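Chains as they are written, first to last, in the deposited numbering: chain S, 1 to 121, 136 to 246; chain A, 2 to 55, 182 to 233, 240 to 354; chain B, 5 to 340; chain R, 20 to 315; chain L, 1 to 4; chain C, 9 to 62. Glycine included, C-beta positions come from ideal geometry on N, C-alpha and C.
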Amino acid sequence: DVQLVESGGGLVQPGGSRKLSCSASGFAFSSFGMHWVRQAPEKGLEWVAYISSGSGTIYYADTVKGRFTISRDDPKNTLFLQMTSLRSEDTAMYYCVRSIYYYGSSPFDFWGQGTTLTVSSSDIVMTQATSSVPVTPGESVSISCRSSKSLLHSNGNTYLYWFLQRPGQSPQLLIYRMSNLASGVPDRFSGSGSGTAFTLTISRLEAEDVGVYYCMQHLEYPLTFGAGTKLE
Amino acid sequence: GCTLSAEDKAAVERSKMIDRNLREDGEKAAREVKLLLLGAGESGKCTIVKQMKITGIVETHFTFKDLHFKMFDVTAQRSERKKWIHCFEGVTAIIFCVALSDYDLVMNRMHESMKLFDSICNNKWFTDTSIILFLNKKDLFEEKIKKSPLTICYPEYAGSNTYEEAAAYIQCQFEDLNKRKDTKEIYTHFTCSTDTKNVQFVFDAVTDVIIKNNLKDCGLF
Amino acid sequence: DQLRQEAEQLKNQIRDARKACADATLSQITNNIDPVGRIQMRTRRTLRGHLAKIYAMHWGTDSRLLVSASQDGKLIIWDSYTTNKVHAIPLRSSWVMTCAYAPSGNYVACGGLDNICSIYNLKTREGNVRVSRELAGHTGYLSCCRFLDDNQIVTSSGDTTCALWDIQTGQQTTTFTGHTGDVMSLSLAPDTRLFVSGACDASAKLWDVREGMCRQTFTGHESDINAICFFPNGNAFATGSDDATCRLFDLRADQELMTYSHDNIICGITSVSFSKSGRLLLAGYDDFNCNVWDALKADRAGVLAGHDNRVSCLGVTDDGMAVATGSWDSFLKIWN
Amino acid sequence: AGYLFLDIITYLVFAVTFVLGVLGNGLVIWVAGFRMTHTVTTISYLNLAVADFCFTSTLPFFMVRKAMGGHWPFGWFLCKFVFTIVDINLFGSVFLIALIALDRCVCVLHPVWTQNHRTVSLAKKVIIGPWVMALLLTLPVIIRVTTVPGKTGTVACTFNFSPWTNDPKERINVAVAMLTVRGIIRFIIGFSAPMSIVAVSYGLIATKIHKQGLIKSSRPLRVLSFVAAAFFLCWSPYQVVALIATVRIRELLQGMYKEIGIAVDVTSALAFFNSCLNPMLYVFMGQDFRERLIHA
Amino acid sequence: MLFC
Amino acid sequence: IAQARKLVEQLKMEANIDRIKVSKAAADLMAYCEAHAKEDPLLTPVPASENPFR
């Protein structure tokens, strides 16, 4: 019971402002670094803002610096995104994603339900072409994601993440740092590749795996996502 | 900062946060004065725990005049004293309860108690640790020396059977087991089921150990 | 008295059987191999976060993560390569004399003077390490604890007995009832089917986990044994006593093979550990510095001097790449 | 009147102060900063060691002026960076000595308070006191100390006190006023206070030790007496002659009441000399620090 | 704290 | 007497154990050290290339 619930959704006129709030439960919220990942009405994920544990570090997307502000309320376990001057490009569903960083951790592991928003009328580019492929149950498919820059740091760990977005749900983390099958995820998934060449391998594909899969680079902020590959 | 990944840098941030919390908890822990309670007077020791108003070690946190004592009762630890005694190498002071009335009950209890005092007063670990000394069970020692002579335990004792002479004698051959008479100080006190005199005494003899530890630390002594 | 006579006869039979096989010393055999132990180990890293005397440490299986325990009341899980603290686990009893780190990396354990071997869960859905269990069946202080699996732990306690546990149930599935003084040390042979314990009656015993019996007994020292450790074969082990003479007994032949003494050192040996080859043997003394004994030819082949107080714990990584020593000055050092 | 011998004395005092100060404070910085751990005592001896090490290291730049007569053969950003690094550290060293005396007095007089509250966190908060006060009082050096040429032909390090040059008499007046302010601040806040705190907070320790009879030995009242009397006998003659000069300042500026310059030079030699044996008195009088030195 |  | 009986029984059921030869035991202990000699980064120092602790 690790639910995250976001509140603050509705309709806002352009040029206005709005408070988004995410209420944590069932986890040591003070020890986690929480993210915000929006999602345009029919487009892929898009990183928004990250605030560390202890609020020491705060990063932002290049498209929201100054307009957006992220803060957390640790004693009451609630994360706040303050949005000012909401253009028409901000209409999107905003997600609450936690992430804890130590040696061997599992960042981006839990995704909240995500609030919806509507407004009335050098960065590493990750290309995930072939946005849709038909799927036959009982088969095996491999999704491809490619990076402009080598995602293999000198530490030897390739910072790649793979997210599945179920139809109308929150994405579940699948693979962290390009190889480690994250907890709570069935064995049949697999990741592989090297810098600038990745592949998510699924075996014995069946139902309730349809959705859109995304990749992340996590060498350098802003985190960037692939366009998302869909299964049907 | 350079050559560090995003995660490889957030890991360091977590480490620095952990270090902050270790410093804080270490300060809050060092605030507590750590007394060690030990003495073959099991009834004496439980009574003493009783006046100090609040399965292994039995910590007894109490508080007086803003000090935060933390009395550890180890007598439930029935093992080889040599092997865990160095865990308490840094205690502020050792409390030592011995029943006065047990001078003639069995090897008589007084002799076992004084062997224990001699051993725990000359460990290589407790060479700077002041030993508080309660001689509890005084009231019944009064009558029991009114009836029986003190020579039952000490053949060499030659004196009147009055309470005062016997008590001073007992304090004499406990405080004379202190080989290192220049470093350690053996605070002594006669107690019974009486008032808060007892905690007053322990506070009084822990303040005088804090003073000396400060003088030693400042290199001044 | 008749039982005492029978025991004396059996002891005579055992000593005779021991003398029967004692054809030659190991030193004679190794006299023909190259003495190549002349080594210098430089302090590669210093792990400084503990605020009191470090009484134990253990290595993770990866030879990257290590747990340490101290009178600070804390149980820090370190990253060796970066000197980072992955976790810091506040215990409910500062008096900790041991710690273990599961071969799977999931759990740690921490015993002490409170007689409870507590066990902590590191991989959990919340972000915090929480006490998953508290094993409470010993009467005296726990001295050593070693994980066999994620579900069973073996612990040695000042009540003269060792007892394999079963963490989910909380019970002892076995208690080994042989020793006569405190038991202060423990090691697991690599197959984890057996393990040896070194008690303060100046003896060591070869237990056997699934059986609970006691198969072998080694009685070479002249005082208590403060640390024991296997040779990596799981064929021999080295016990460090407090008479300044660590010794290399072997499971086979039931007998001492070599004594590692030098008249220059008289302080007691607190820790003992080997190195992946086994040709090298470290040690850890009350006299503030380690040694490095050429295990096959007793010779102080180097010194890991550099600790400001007694070295209380010593562990060579699983891959062999480094040795980490802890000490009552509250610093762990890595000596590649 | 033999003054060449006295100048010889000052040269040799500067020499010995430089060598011993650099050596001893290097040892003390090494020991306290790196060898040992960090306690509220060590991170207060370390600050004193730093504050004296920097000054002692910069002493030879005074040696060269004394040898070469009044003349600064170095740049502008050495006359600005020597006098600042000397007046920070000769002047947040007296403050650190006063702070150590106050810390000892509280550690003995209030065992309860220092059991509860004297922690390294509080030490790091307090230790900014002496340094910030030194910086605040040395601002005049950071501002008006620019190199000036000499009428006979030279260039020295003094106080400008009037970058605008309109009249010799007006220059003298402004310099005299600002120098009097400087001298008053020097005396009061550098001698009156630290010799008030040291004297008071060592008299209190003396009274507590004798009155209550905590100590059988007499060593604490000897180490204490040394580290108080050495501070007094070192810093005192300089402060007295400095106040005298500050009173008779216009006259010494007007090329008369001579030999007060020699007096200031020689006494300043001794005051600086204090900074070389400070590590002996404070750090290397205790057994632990000597043992750490020997072991390392 | 340094004259002249 | 029960404790002595148990002690004697323990000696009885640990005595009847097959022995080996000390010479071959020491030889085996030597052979293992010699065989896994090269992959011991403490005996034969490893170059600062693949030394993770530098």
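From residue i to residue j, what distance separates their C-alpha atoms?
{"i": "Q44(B)", "j": "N340(B)", "result": "9 angstroms"}
{"i": "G280(R)", "j": "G202(R)", "result": "15 angstroms"}
{"i": "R38(S)", "j": "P130(R)", "result": "58 angstroms"}
{"i": "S181(R)", "j": "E189(R)", "result": "9 angstroms"}
{"i": "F37(R)", "j": "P79(R)", "result": "7 angstroms"}
{"i": "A61(S)", "j": "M192(S)", "result": "23 angstroms"}
{"i": "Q156(B)", "j": "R54(R)", "result": "42 angstroms"}
{"i": "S21(S)", "j": "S52(S)", "result": "17 angstroms"}
{"i": "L296(R)", "j": "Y22(R)", "result": "27 angstroms"}
{"i": "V13(A)", "j": "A24(S)", "result": "25 angstroms"}
{"i": "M83(S)", "j": "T4(A)", "result": "33 angstroms"}
{"i": "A196(R)", "j": "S294(R)", "result": "30 angstroms"}
{"i": "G209(S)", "j": "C229(S)", "result": "13 angstroms"}
{"i": "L117(S)", "j": "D74(S)", "result": "25 angstroms"}
{"i": "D212(B)", "j": "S106(S)", "result": "39 angstroms"}
{"i": "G225(S)", "j": "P181(S)", "result": "5 angstroms"}
{"i": "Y264(B)", "j": "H244(A)", "result": "41 angstroms"}
Taking residue i and residue j to be in contact with their CB atoms under 8 angstroms, please state how far apart those CB atoms are, rounded to whole angstroms.
{"i": "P60(C)", "j": "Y105(B)", "result": "Not really, about 19 angstroms apart at Cβ, beyond 8 angstroms."}
{"i": "residue 360(B)", "j": "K330(A)", "result": "Nothing about residue 360(B) can be read from this structure; chain B reaches only from 5 to 340."}
{"i": "residue 249(S)", "j": "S99(S)", "result": "The requested residue 249(S) does not occur in the structure, where chain S is confined to residues 1 to 246."}
{"i": "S207(B)", "j": "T221(B)", "result": "6 angstroms"}
{"i": "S71(S)", "j": "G131(B)", "result": "Rounded, the Cβ-Cβ distance is 19 angstroms, inconsistent with contact."}
{"i": "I285(A)", "j": "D231(A)", "result": "4 angstroms"}
{"i": "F110(S)", "j": "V2(S)", "result": "6 angstroms"}
If you follow the alpha helix (DSSP H) that residue i is part of, which residue opens it and which one closes it?
{"i": "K85(R)", "result": "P79 to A86"}
{"i": "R8(B)", "result": "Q6 to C25"}
{"i": "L81(S)", "result": "Here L81(S) belongs to no alpha helix (DSSP H); instead the beta strand (DSSP E) covers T78 to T84."}
{"i": "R208(A)", "result": "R208 to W211"}
{"i": "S98(B)", "result": "Taken as a continuous stretch (DSSP letters only), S98(B) belongs to no alpha helix (DSSP H), as it is neither H nor E."}
{"i": "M214(R)", "result": "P213 to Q231"}
{"i": "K17(A)", "result": "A7 to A31"}
{"i": "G43(R)", "result": "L23 to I48"}
Report yes if the CB atom of residue i is closer than 8 angstroms to the CB atom of residue j, and no otherwise.
{"i": "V296(B)", "j": "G41(B)", "result": "yes"}
{"i": "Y227(S)", "j": "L178(S)", "result": "yes"}
{"i": "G141(B)", "j": "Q176(B)", "result": "yes"}
{"i": "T29(R)", "j": "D284(R)", "result": "yes"}
{"i": "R283(B)", "j": "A257(B)", "result": "no"}
{"i": "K279(A)", "j": "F323(A)", "result": "no"}
{"i": "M188(B)", "j": "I123(B)", "result": "no"}
{"i": "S85(S)", "j": "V119(S)", "result": "no"}
{"i": "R205(R)", "j": "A142(R)", "result": "no"}
Could you check whether the Cβ of residue i sits closer than 8 angstroms to any Cβ belonging to chain E?
{"i": "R129(B)", "result": "Given the protein chain composition of this structure (S, A, B, R, L and C), no chain E is represented."}
For the beta strand (DSSP E) that contains residue i, what are its first and last residues?
{"i": "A287(B)", "result": "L285 to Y289"}
{"i": "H195(A)", "result": "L194 to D200"}
{"i": "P94(B)", "result": "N88 to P94"}
{"i": "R38(S)", "result": "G33 to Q39"}
{"i": "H188(A)", "result": "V185 to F191"}
{"i": "residue 2(B)", "result": "This structure leaves residue 2(B) out entirely; chain B is present only between 5 and 340."}
{"i": "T199(R)", "result": "First-last for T199(R): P187 to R205, but that is the alpha helix (DSSP H), not the beta strand (DSSP E)."}
(Q) With a threshold of 8 angstroms, are at least 3 pairs of Cβ atoms found where one atom belongs to the stretch 194 to 210 of chain S and the other to the stretch 92 to 103 of chain S? (A) They do not touch, by the three-pair rule.
Q. Would you call the stretch 241 to 253 of chain R and the stretch 216 to 230 of chain R touching, i.e. three or more CB-CB distances under 8 angstroms?
A. These segments touch.
Q) Are the stretch 136 to 145 of chain S and the stretch 231 to 245 of chain S touching by the rule of at least three beta carbon pairs closer than 8 angstroms? A) In the pairwise beta carbon analysis, the stretch 136 to 145 of chain S is classified as touching the stretch 231 to 245 of chain S: at least three pairs are separated by under 8 angstroms.
Q: Would you check if there are 3 or more beta carbon pairs closer than 8 angstroms linking the stretch 308 to 324 of chain B to the stretch 66 to 73 of chain B?
A: Output reads yes: the stretch 66 to 73 of chain B touches the stretch 308 to 324 of chain B.
Q) Should the stretch 150 to 162 of chain R be regarded as contacting the stretch 101 to 118 of chain R, the criterion being three or more beta carbon pairs within less than 8 angstroms? A) Enough Cβ pairs lie closer than 8 angstroms, so yes.
(Q) Contact between the stretch 305 to 315 of chain B and the stretch 323 to 338 of chain B is defined here as three or more beta-carbon pairs at a separation below 8 angstroms; is this criterion met? (A) Judged by Cβ distances under 8 angstroms, the stretch 305 to 315 of chain B makes contact with the stretch 323 to 338 of chain B, as three or more pairs qualify.
Q) Can we say the stretch 205 to 223 of chain A touches the stretch 20 to 28 of chain A, given the rule of at least three CB pairs closer than 8 angstroms? A) In short, these stretches do not touch, since the Cβ pair count stays below three.
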